[PDB]
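**Student:** This is the structure I want to talk about, given as structure tokens.
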Amino acid sequence: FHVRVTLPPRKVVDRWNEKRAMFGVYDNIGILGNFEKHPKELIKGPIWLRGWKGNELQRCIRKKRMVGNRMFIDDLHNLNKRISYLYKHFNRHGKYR
Amino acid sequence: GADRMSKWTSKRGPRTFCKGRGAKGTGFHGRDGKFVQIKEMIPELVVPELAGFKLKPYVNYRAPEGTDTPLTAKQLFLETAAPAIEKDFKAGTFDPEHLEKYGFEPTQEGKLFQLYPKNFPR
Amino acid sequence: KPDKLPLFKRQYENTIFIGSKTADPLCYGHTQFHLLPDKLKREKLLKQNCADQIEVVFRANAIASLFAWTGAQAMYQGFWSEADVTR
Amino acid sequence: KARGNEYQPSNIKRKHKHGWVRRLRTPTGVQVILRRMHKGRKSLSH
Amino acid sequence: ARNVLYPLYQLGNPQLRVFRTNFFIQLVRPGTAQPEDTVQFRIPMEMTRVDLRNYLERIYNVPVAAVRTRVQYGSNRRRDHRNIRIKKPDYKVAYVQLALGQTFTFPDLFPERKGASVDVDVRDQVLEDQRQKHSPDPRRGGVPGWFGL
Amino acid sequence: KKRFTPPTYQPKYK
Amino acid sequence: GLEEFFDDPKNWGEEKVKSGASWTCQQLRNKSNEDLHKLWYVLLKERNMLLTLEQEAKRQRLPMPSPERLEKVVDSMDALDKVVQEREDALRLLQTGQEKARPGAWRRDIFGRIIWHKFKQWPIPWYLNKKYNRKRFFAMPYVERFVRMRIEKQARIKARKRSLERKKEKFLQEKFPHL
Amino acid sequence: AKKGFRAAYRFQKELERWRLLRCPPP
Amino acid sequence: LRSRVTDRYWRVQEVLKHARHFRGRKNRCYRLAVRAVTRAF
Amino acid sequence: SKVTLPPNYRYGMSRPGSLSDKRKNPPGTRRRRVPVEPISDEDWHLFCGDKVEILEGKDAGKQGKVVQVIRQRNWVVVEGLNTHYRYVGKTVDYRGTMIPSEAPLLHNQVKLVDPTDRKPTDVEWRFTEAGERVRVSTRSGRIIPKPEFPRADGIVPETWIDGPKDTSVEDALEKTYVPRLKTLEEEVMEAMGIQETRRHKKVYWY
RNA sequence: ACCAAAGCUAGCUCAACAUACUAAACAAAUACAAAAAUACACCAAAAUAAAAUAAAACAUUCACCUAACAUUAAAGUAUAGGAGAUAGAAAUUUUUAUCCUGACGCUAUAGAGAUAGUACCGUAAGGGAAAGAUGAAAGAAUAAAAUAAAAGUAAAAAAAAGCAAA
RNA sequence: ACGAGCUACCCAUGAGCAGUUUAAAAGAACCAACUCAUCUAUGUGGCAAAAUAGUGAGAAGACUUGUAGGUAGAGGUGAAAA
RNA sequence: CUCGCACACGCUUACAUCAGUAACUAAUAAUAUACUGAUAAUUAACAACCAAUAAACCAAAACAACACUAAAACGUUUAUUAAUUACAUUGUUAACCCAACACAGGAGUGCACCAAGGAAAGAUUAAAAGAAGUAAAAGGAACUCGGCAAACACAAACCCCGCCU
Ligand SMILES: [Mg+2]
Ligand SMILES: [Mg+2]
Ligand SMILES: [Mg+2]
Ligand SMILES: [Mg+2]
Ligand SMILES: [Mg+2]
Ligand SMILES: [Mg+2]
Ligand SMILES: [Mg+2]
Ligand SMILES: [Mg+2]
Ligand SMILES: [Mg+2]
Ligand SMILES: [Mg+2]
Ligand SMILES: [Mg+2]
Ligand SMILES: [Mg+2]
Ligand SMILES: [Mg+2]
Ligand SMILES: [Mg+2]
Ligand SMILES: [Mg+2]
Ligand SMILES: [Mg+2]
Ligand SMILES: [Mg+2]
Ligand SMILES: [Mg+2]
Ligand SMILES: [Mg+2]
Ligand SMILES: [Mg+2]
Ligand SMILES: [Mg+2]
Ligand SMILES: [Mg+2]
Ligand SMILES: [Mg+2]
Ligand SMILES: [Mg+2]
Ligand SMILES: [Mg+2]
Ligand SMILES: [Mg+2]
Ligand SMILES: [Mg+2]
Ligand SMILES: [Mg+2]
Ligand SMILES: [Mg+2]
Ligand SMILES: [Mg+2]
Ligand SMILES: [Mg+2]
Ligand SMILES: [Mg+2]
Ligand SMILES: [Mg+2]
Ligand SMILES: [Mg+2]
Ligand SMILES: [Mg+2]
Ligand SMILES: [Mg+2]
Ligand SMILES: [Mg+2]
Ligand SMILES: [Mg+2]
Ligand SMILES: [Mg+2]
Ligand SMILES: [Mg+2]
Ligand SMILES: [Mg+2]
Ligand SMILES: [Mg+2]
Ligand SMILES: [Mg+2]
């Protein structure tokens with residue numbers, strides 16, 4: 001349970017750095033922008049996850065449908081197994097039925 | 001559990017296992033079972049007379065190095081074939097059919113040391 | 001050591017044998033005739049840059065063979081390291 | 001009677017059973033080599 | 001020559017010639033007693049008997065009577081900090097024997113200069129004198145001897 | 001049955 | 001002729017034995033073929049001697065006199081090699097036009113690797129050769145899977161080497177923000 | 001390593017306490 | 001986001017201060033100490 | 001000889017292949033990486049032998065000659081300037097010879113000094129009209145020379161005497177080459193007068 | 001006071017992009033018993049994935065399960081099913097460029113198994129580790145500097161009687 | 001997928017069997033080497049994941065044994081003890 | 001007190017010389033065949049490597065005279081061609097291998113029974129119980145499931161079951 005004996009270097013975060021100052025800027029792009037682009041377009045991320053959401057099973061299932069043929073063998077195999085597991089678990093296990 | 005990693009060598013096996021260390025075979029087995037050496041397969045060292053000549057294993061320190069120009073097929077073409085070719089085209093005696101007077105060799109199979117299949121060790 | 005001759009150690013039955021068994025009534029030597037084996041030809045030795053050796057090979061042969069023969073003869077007469085030799 | 005000495009060394013047997021040439025003569029063996037190459041084994045074969 | 005291709009020999013081929021030889025050789029002092037006839041070399045693994053005899057005679061003009069060779073196995077036993085084995089490389093040893101009755105002897109390569117050894121003994125005496133100079137006075141009892149008073 | 005458990009050594013580096 | 005394995009007896013017990021610089025390639029491009037051929041033997045004898053002295057230094061538990069020579073000599077020989085080779089490889093490029101002195105082919109072996117197979121000299125043509133005939137240059141279909149794995153493995157390594165380098169840059173930029 | 005200031009600071013206080021227990025200040 | 005308990009030290013002291021004057025291993029070892037302290041209250 | 005260093009390594013001013021180093025960091029040592037400001041070899045304005053001013057430390061505002069640079073850790077050595085004292089000779093009864101020794105400096109704590117006014121300056125690499133690359137002062141607007149320095153051998157080319165196995169400048173620079181189309185083998189065999197008749201039978205390659 | 005304790009780095013994870021996708025290194029040797037220059041041959045080939053499991057048993061059945069076609073809907077609809085468990089479309093619809101790539105991911109029992117597929121263990125296929133911490137400089141080891149906090153011990157054996165405390 | 005370098009049975013190819021008794025090298029007899037493993041005592045984290053000491057059975061045979069090969073798990077092999 | 005010397009197989013430098021051993025290997029030490037370092041080393045005559053294609057041959061090994069039954073390993077010669085030319089290549093250490101150990105176990109062959117190899121006891125004391133042994137008055141199976149074990153004995157009889165090795 002030994003706790004560190006030396007004060008860490010105090011980390012100074014300036015909140016006025018560029019990324020923090022400009023945060024959330026174009027979020028209203030739809031409303032103020034005479035709707036053309038939905039805020040989804042702003043989302044930088046994995047291809048299957050842009051502007052979408054879901055529980056781990058749905059997530060995996062979707063990843064496989066979209067990028068499943070660009071995947072590495074090991075990773076595709078792992079994904080299939082994860083899907084099968086999650087399927088069995090969600091459908092057949094739990095308290096609530 | 002034997003030894004996997006250590007390299008396989010004639011010292012390791014049974015009596016029946018004889019594997020050379022990579023020297024080259026000098027002959028064949030003859031009639032009596034005795035071995036016969038072929039004088040042609042045994043490398044003949046060609047050694048020049050060193051005695052009367054002046055060069056040494058080391059060079060004077062104040063002696064200069066030089067600008068480093070790797071020899072190219074081109075430079076070698078210009079130091080040898082280019083003077084002769086220009087001399088015989090300027091004279092109109094140039095013959096595109098037979099270049100053999102300039103030192104070009106059409107085929108390698110005639111001569112002793114061939115360049116492409118490389119007949120000689122060194 | 002004898003090893004640098006070269007000479008090699010080995011082990012098998014040690015025999016003292018004269019050219020015949022003890023039970024033979026002819027116990028003594030007269031002369032021996034040794035034909036030199038092929039490796040030792042004067043020509044071959046002359047090729048190997050061995051001049052003097054031509055002679056040596058002969059000597060050695062005698063010095064071995066004869067000794068052995070004599071030695072064996074002696075030990076057929078019951079003489080040995082602690083009986084030495086009378087004649 | 002007493003056990004555990006089950007391995008009685010022979011170089012001939014060793015190299016005939018597990019050797020490089022033996023692995024390469026059958027397609028199954030070649031797959032063994034391939035797997036070990038994949039796993040990055042230091043010694044592919046005996 | 002070594003590491004190089006040799007042309008295949010078939011019947012009635014040209015004599016094989018090596019113009020610039022690859023090999024190299026160490027003349028080494030024997031570990032055991034040897035007859036004066038005998039010189040001992042360490043050669044590259046790939047050099048044959050015949051090779052070395054020709055080598056000596058042609059490059060160095062030495063009258064070789066006979067040549068024997070053996071291969072010395074270097075130990076694989078010593079371990080790394082990683083517990084990987086280190087291999088002292090195997091090598092070929094060549095015993096040669098000189099023809100014309102020529103006796104060899106391995107020369108002493110490190111004769112000591114007596115003036116440098118006397119200078120070493122004098123510098124050792126001077127060092128022992130400095131270490132005897134710096135050594136504490138018994139009777140001072142550990143009081144630092146810098147201060148006048 | 002005859003139930004026997006073979007003893008298992010620990011790694012040598014230890 | 002046995003003494004060429006040793007330095008002049010005037011040098012034997014001495015710590016420092018001085019010596020010239022090794023040959024540059026350039027100084028060697030100027031010499032003819034014959035003179036290179038000779039210089040090779042002058043360099044040979046000396047390299048031999050130096051190696052002899054080396055081992056004999058180890059034997060006596062003493063440091064070797066001016067070890068650096070051994071380096072220099074080697075370079076010279078090595079340099080010499082590089083030169084002669086040039087004049088051959090230039091030459092054959094002229095005559096034949098092959099960049100490689102040894103005949104060879106691009107092949108695909110059992111394991112599906114794309115290998116450069118050097119050729120070998122045989123007294124009999126290739127279809128009459130038992131031993132050569134039992135090599136396989138081609139892959140079976142199963143191998144195709146493994147090939148893929150290889151690629152992917154490779155890709156991973158590169159992938160996370162790249163990411164590492166990227167990371168190292170960021171760290172430094174906040175450690176040394178002189179920009 | 002564990003990431004935070006808090007426990008480290010809070011421990012600095014313990015360090016000071018022990019320091020004052022073993023050598024009391026005049 | 002991994003979260004570990006940093007302050008576990010103090011968590012233990014609030015048990016162990018009540019255990020100081022016990023006899024045996026109860027006055028050191030958190031397991032034994034905890035049970036003993038509860039019994040004491 | 002090239003000694004290969006492990007991927008993570010510290011540089012202790014001691015030559016990496018030496019007993020001081022093997023004793024400092026033995027075969028299995030992996031220490032914490034010391035963050036080093038990356039500098040392209042073309043942005044590096046400090047060589048050995050040039051007079052420099054120290055901006056930091058107990059000795060500051062002084063000037064000295066640079067002996068050795070360590071590029072891997074970005075270090076300079078100003079002889080007998082940055083200093084701490086260390087004993088050299090040692091035996092059980094004798095601690096001998098306390099010697100001043102130099103602690104290295106980062107390149108931020110040392111500025112290059114231009115010859116003329118002996119002030120510290122900011123050096124900037126410039127290309128002039130002669131195809132030359134020289135260091136030019138930002139503040140004073142001059143070019144600063146480069147510090148010609150002796151070499152590791154301690155051998156000066158101007159004072160030299162040729163031993164037995166040394167070749168003279170004359171015979172070394174002499175050009176014997178006649179660039180003609182024969183190989184070394186053909187050349188030499190023709191020159192030694194070695195005469196060969198037979199030719200090689202056909203060989204199959206595969 | 002011992003045994004110990006503390007670092008923040010090594011690197012990793014997940015995505016983005018991207019050209020395109022078997023890295024690096026090849027002098028010799030490598031498919032004789034791989035790493036052994038050199039002799040008349042042979043050489044080569046394919047057949048449905050199965051079962052554990054779900055159906056509260058098990059017999060038909062049981063998504064995914066190493067076959068490119070994504071996205072919004074149609075729709076868990078039509079249909080298929082010991083018409084049970086479960087399985088399950090389509091017609092027809094929707095999808096606007098390129099840059100702004102990074103992190104409410106890990107920090108040495110974590111994150112890769114990885115300092116390494118190494119040591120070691122298996123005859124073999126195969127399995128598979130652990131381990132790092134001084135400083136600007138140790139070319140500053142009569143060496144200088146900030147925790148002395150786990151269990152275990154020592155400093156300091158015990159003294160009628162008892163869940164050890166209250 | 002990997003295993004018959006242990007063991008079961010084969011295939012090649014080698015090697016051993018002294019003394020005594022007998023017209024006999026007769027799956028005869030006595031008894032070594034050799035091969036087994038009867039009975040007891042030790043031992044039971046042992047010297048040993050099956051041993052030690054004694055004692056026993058066979059010992060020219062359906063005998064022991066070396067080396068190299070073969071048969072593979074829906075299988076092999078088996079003078080059947082699953 | 002007596003498993004010795006060699007070879008095959010297998011191990012791979014654990015062998016040799018000099019030095020060192022505070023600690024690391026030895027289940028302790030002394031010191032060193034086994035830990036550390038440096039330096040060396042096994043030399044071919046022995047062994048491995050070391051021709052094909054035709055053609056005559058029915059006739060065992062057993063001290064082989066001659067036979068037995070189970071019918072038996074092992075080459076001569078004749079012909080046709082076989083590069084023809086010193087020295088090729090490789091194995092040569094050990095106190096060693098398989099058993100996790102410097103393991104009372106497992107290990108083929110040739111010669112030896114000593115001429116070669118080795119040491120049962122770290123030092124004491126002389127309690128119990130335990131192990132291994134030697135001896136024992138009178139008795140002689142009364143012991144015990146059973147004469148198990150032991151013995152100055154080492155013999156005879158009869159059943160059951162399986163013919164026999
Ligand atoms: Mg193994
Ligand atoms: Mg062998
Ligand atoms: Mg052997
Ligand atoms: Mg010969
Ligand atoms: Mg086992
Ligand atoms: Mg030999
Ligand atoms: Mg069910
Ligand atoms: Mg259930
Ligand atoms: Mg069931
Ligand atoms: Mg299924
Ligand atoms: Mg129906
Ligand atoms: Mg139902
Ligand atoms: Mg880890
Ligand atoms: Mg791990
Ligand atoms: Mg404590
Ligand atoms: Mg009470
Ligand atoms: Mg078998
Ligand atoms: Mg008998
Ligand atoms: Mg009988
Ligand atoms: Mg017994
Ligand atoms: Mg008894
Ligand atoms: Mg017996
Ligand atoms: Mg009997
Ligand atoms: Mg009987
Ligand atoms: Mg087999
Ligand atoms: Mg079944
Ligand atoms: Mg069956
Ligand atoms: Mg039955
Ligand atoms: Mg071993
Ligand atoms: Mg030793
Ligand atoms: Mg000890
Ligand atoms: Mg021996
Ligand atoms: Mg005792
Ligand atoms: Mg008693
Ligand atoms: Mg008793
Ligand atoms: Mg008695
Ligand atoms: Mg009595
Ligand atoms: Mg009774
Ligand atoms: Mg009774
Ligand atoms: Mg009895
Ligand atoms: Mg009786
Ligand atoms: Mg009786
Ligand atoms: Mg019966």
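If you're wondering about the labels, chains in the structure tokens are A, B, ... by order shown, residues count from 1 in each chain, ligands from 1 in order shown.
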Grab me every residue within 12 Å of ligand 8, counting only C-alpha atoms (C1' of nucleotides) and all ligand atoms, and send it over as a PyMOL selection string.
**Tutor:** (chain A and resi 92-93) or (chain K and resi 53-57)
**Student:** Taking only C-alpha atoms (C1' of nucleotides) and all ligand atoms into account, which residues are within 9 Å of ligand 11, as a list in words?
**Tutor:**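 With only C-alpha atoms (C1' of nucleotides) and all ligand atoms and a cut-off of 9 Å, ligand 11 is contacted by residues 80, 81 and 83 of chain K.
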**Student:** I'd like the neighbourhood of residue 82 (chain M) as a list in words, where a residue qualifies if any of its atoms comes within 9 Å (using only C-alpha atoms (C1' of nucleotides)), though same-chain residues fewer than 6 positions away should be ignored.
**Tutor:**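 Result of the neighbour search: residues 31 of chain B; 51 and 52 of chain M.
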**Student:** Leaving out region 94-106 of chain M and any residue of its chain fewer than 3 positions from it, which residues lie within 12 Å of it when counting only C-alpha atoms (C1' of nucleotides), given as JSON, numbers by chain?
**Tutor:** {"B": [1, 2], "D": [1, 2, 3, 4, 5, 6, 7, 8, 9, 10], "F": [7, 8, 9, 10, 11, 12], "K": [120, 121], "L": [5, 6, 46, 47, 48, 49, 50, 51, 52, 53], "M": [9, 10, 11, 12, 13, 14, 15, 16, 25, 26, 27, 33, 34, 42]}
**Student:** For ligand 23, collect every residue having any atom at a distance of at most 12 Å from a ligand atom (counting only C-alpha atoms (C1' of nucleotides) and all ligand atoms); output as a list in words.
**Tutor:**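 Checking only C-alpha atoms (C1' of nucleotides) and all ligand atoms against ligand 23 at 12 Å gives residues 29, 30, 31, 32, 56, 57, 58 and 59 of chain L.
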**Student:** Apply DSSP to the structure's backbone, then extract all residues of chain I labelled helix (DSSP H, G or I) and return them as a VMD selection string.
**Tutor:** chain I and resid 8 to 16 24 to 27 30 to 40
